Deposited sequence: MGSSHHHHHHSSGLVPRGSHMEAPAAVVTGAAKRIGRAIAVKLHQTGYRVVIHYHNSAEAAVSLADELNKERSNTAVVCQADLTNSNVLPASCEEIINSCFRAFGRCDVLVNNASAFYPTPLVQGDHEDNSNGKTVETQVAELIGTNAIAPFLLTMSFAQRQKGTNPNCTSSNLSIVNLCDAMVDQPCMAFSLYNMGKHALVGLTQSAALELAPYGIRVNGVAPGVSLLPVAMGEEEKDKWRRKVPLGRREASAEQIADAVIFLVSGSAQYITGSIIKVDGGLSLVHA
């Protein structure tokens, strides 16, 4: 019988590509989503047509708050409700916007940027571990963590904490047979609304191909880390950036 995976922020872009590739490998999937209800319902529908009852949706705000621990518990619970097991967790959902040091109040930005990128991944890891073969967690990190976007401190802080969690949980969940890893994109799928001239600026910086990663190319690294070809890999963060992080100012 088929294994089961939870992907957070799976309605669009990289998340969707991961969910589709897991499903194409034979996984049953939980499509978590926040605002993108149409895209998530559509994806589940697409996957369920391919193979009956192998996909479900689950909505949750992953912003840090008093109810976040129960919300994360419920995301993991929904995988057990649907498929009776939870083998894989992909922490993909992420808030990304500038928070300059010099509409939203700063406490809200903290909650969103640190909640989505670090706290929720931790709380979901807790529930995954507590609710338990080839078990693994893959955390979507950032290849540019040590060369951050200007005025993106809280985002960068969340992504840094996520590296911390990847390492801490790898160590702690190793005795339980749970591997914990990361995939770190540099520049992948850029916003559709972003001018092509602006997209090009980031594209011209990538040594390998002068272009951004596809969502599928990121998913390819996730599939590897969850596979049997990685049964000894834990606490590792695989960069998928085409050399971007190696380019100086």
Can you list the gaps, in order, where the deposited sequence has no modelled residues?
1 to 21, 124 to 132, 163 to 171
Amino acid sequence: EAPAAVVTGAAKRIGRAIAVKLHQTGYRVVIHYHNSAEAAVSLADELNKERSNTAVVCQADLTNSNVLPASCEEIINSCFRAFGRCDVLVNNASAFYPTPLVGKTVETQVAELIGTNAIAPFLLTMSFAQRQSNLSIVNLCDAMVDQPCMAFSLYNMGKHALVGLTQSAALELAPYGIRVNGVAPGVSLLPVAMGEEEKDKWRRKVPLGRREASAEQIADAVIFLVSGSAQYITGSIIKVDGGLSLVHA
From here on, numbers count along this sequence of modelled residues.
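In this text, rigid core is short for the largest set of C-alphas that superpose within 1.5 Å between two forms.
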Taking the root mean square of C-alpha distances over all structures and residues in 8 other deposited structures of this protein, with a rigid core superposition, name the larger of 183 to 191 and 55 to 63.
183 to 191
Can you check whether 41 to 49 or 192 to 200 lies farther from the displayed model in 8 other deposited structures of this protein, averaging C-alpha distances as RMS after superposing on the core?
192 to 200
Select between 211 to 219 and 198 to 206 the stretch whose C-alpha atoms have the higher average B-factor in the entry.
198 to 206
133 to 141 or 153 to 161, whichever carries the higher mean Cα B-factor:
133 to 141
Identify, among 114, 101, 171, 89, the residue whose C-alpha carries the highest B-factor in the deposited PDB entry.
101
Looking only at 180, 183, 31, 193, the Cα with the top B-factor belongs to 193
So, residue 249's CA B-factor, relative to its chain, sits in which third? The highest
Splitting the chain's C-alpha B-factors into thirds, which one does residue 128 fall into?
middle
Mind checking which third residue 72 falls in for C-alpha B-factor across the chain?
middle
Entry-reported Cα temperature factor of residue 78, expressed as the chain third it lands in:
middle
The third of the chain into which the C-alpha temperature factor of residue 108 falls is the middle
